[PDB]
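Participant: before the rest arrives, take these chain(s) from the complex:
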Amino acid sequence: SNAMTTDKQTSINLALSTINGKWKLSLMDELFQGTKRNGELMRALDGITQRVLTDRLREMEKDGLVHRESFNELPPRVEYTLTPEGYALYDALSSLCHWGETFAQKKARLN
């Protein structure tokens, strides 16, 4: 928030720790396009195992980034989405991404 009482380094670090784990950025990219079922994520993310996938989603749900909704259907259907904070972190990361893209292109141009 840039509140003067907030230690910036500690809270940058804490924020990154929720999203820096293997697959998590890819997972977030998939959920940003829209609601996803387990099988869709299994297909979209090449070489991820179901054990790794559920582990990731569990951590991300815990951290408040991913919402898991179960539908009482025949058979039940489980939807994954980004939370509001999930979307907010997606946006912060896209801004950094945009920064690093511009910077890397300047380096290539002047090298």
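Facilitator: Thanks, I have it. Numbering: from 1, shown residues only, chains lettered A, B, ... in the order given.

Participant: other SSEs contacting the longest helix seen in chain A?
Facilitator: When every helix of chain A is counted residue by residue (DSSP state H), the longest turns out to be helix A:84-110. Helix A:84-110 sits against helix A:24-32, with contacts defined as 3 or more C-beta pairs under 8 Å, 6 or more residues apart in numbering; DSSP states H and E. C-beta coordinates here come from the backbone N, C-alpha and C atoms, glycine included.

Participant: so how far is the helix or strand just after the helix it packs on from its chain's centroid?
Facilitator: The helix or strand immediately downstream of helix A:24-32 is helix A:38-44, counting by DSSP states H and E. Relative to its chain's centre, helix A:38-44 lies at 15 Å (C-alpha atoms, centre = their mean, to the nearest Å).

Participant: cool, stretch A:90-97 as well?
Facilitator: 11 Å.

Participant: buried sites along that stretch?
Facilitator: Neighbour-count burial for stretch A:90-97 flags A:90, A:93 (criterion: 16 or more other C-beta atoms under 10 Å).

Participant: Show residues contacting it.
Facilitator: A:15, A:19, A:25, A:28, A:32, A:82 (C-beta atoms under 8 Å, 6 or more residues apart in numbering).

Participant: repeat that for 7 Å
Facilitator: A:28, A:32, A:82 (C-beta atoms under 7 Å, 6 or more residues apart in numbering).

Participant: Now for the most centrally placed residue in chain A: which residues touch it?
Facilitator: Computing the C-alpha centroid of chain A and ranking residues by C-alpha atoms, centre = their mean puts residue A:28 first, at 3.0 Å. Shown in contact with residue A:28 (C-beta under 7 Å, 6+ apart): A:19, A:82, A:90.

Participant: ok, now chain B:
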Amino acid sequence: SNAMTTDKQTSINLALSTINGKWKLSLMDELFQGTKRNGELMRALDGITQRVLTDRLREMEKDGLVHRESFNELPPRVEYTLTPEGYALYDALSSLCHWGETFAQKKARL
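Facilitator: One more piece, chain B, placed on the ones above:
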């Protein structure tokens, strides 16, 4: 920009690498409100030596984050500010920071 051709992971890591150097987040914070002289920065950052203050500022200038302005007056003086790129990276880190803050606060209430 989330263009089809950009790897986001690599882009994020590159941005972070420019400010992960010790002191740099703090320098960038001191420069936000505007122009700073070497002595002001020295006094604001406890334990920084002139040597590493100059080393950081030089790296941040090379990375296009910091502008170094030389004034040719009596006597000459140098002033440091953030560039538009520097401000753009600062904004992006602030959004990240805000998120960690909300997260720690939520954790604290529980």
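
Participant: since we added chain B, can you redo the buried residues of stretch A:90-97?
Facilitator: By neighbour count with 16 or more other C-beta atoms under 10 Å in any protein chain shown, stretch A:90-97 contains the buried residues A:90, A:92, A:93, A:94, A:95, A:96, A:97.

Participant: which residue packs closest to the second one, ignoring adjacent ones?
Facilitator: By that I understand residue A:92. Excluding the flanking residues, the one nearest residue A:92 by C-beta to C-beta, 6 or more residues apart in numbering or on different chains is residue B:95, at 3.7 Å.

Participant: OK, contacts around the one you found?
Facilitator: A:91, A:92, A:95 (C-beta atoms under 7 Å, 6 or more residues apart in numbering or on different chains).

Participant: quick revisit: farthest pair within the buried residues of stretch A:90-97?
Facilitator: A:90 and A:96 (11.0 Å; C-beta to C-beta).

Participant: What is the three-state secondary structure of residue A:80?
Facilitator: strand (DSSP: H, G, I helix; E, B strand; the rest coil).

Participant: CA atoms only: put stretch A:24-43 into CSV for me.
Facilitator: Taking Å, rounded to 0.1, in the frame of the first residue of the first chain, the C-alpha atoms of stretch A:24-43 are listed here in CSV:
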residue,chain,number,x,y,z
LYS,A,24,2.1,-21.8,-9.8
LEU,A,25,2.6,-19.0,-12.3
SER,A,26,1.4,-21.3,-15.1
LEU,A,27,-1.6,-22.4,-13.0
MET,A,28,-2.5,-18.7,-12.4
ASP,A,29,-2.2,-18.0,-16.2
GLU,A,30,-4.7,-20.9,-16.9
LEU,A,31,-7.1,-19.7,-14.2
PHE,A,32,-6.9,-16.1,-15.4
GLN,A,33,-8.4,-17.0,-18.8
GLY,A,34,-11.4,-18.6,-17.0
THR,A,35,-12.8,-21.2,-14.7
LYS,A,36,-11.0,-24.6,-15.0
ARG,A,37,-11.6,-28.3,-14.1
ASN,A,38,-8.8,-30.6,-13.0
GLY,A,39,-8.6,-32.4,-16.3
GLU,A,40,-8.3,-29.2,-18.3
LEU,A,41,-5.3,-28.2,-16.2
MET,A,42,-3.9,-31.7,-16.5
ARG,A,43,-4.1,-31.3,-20.3
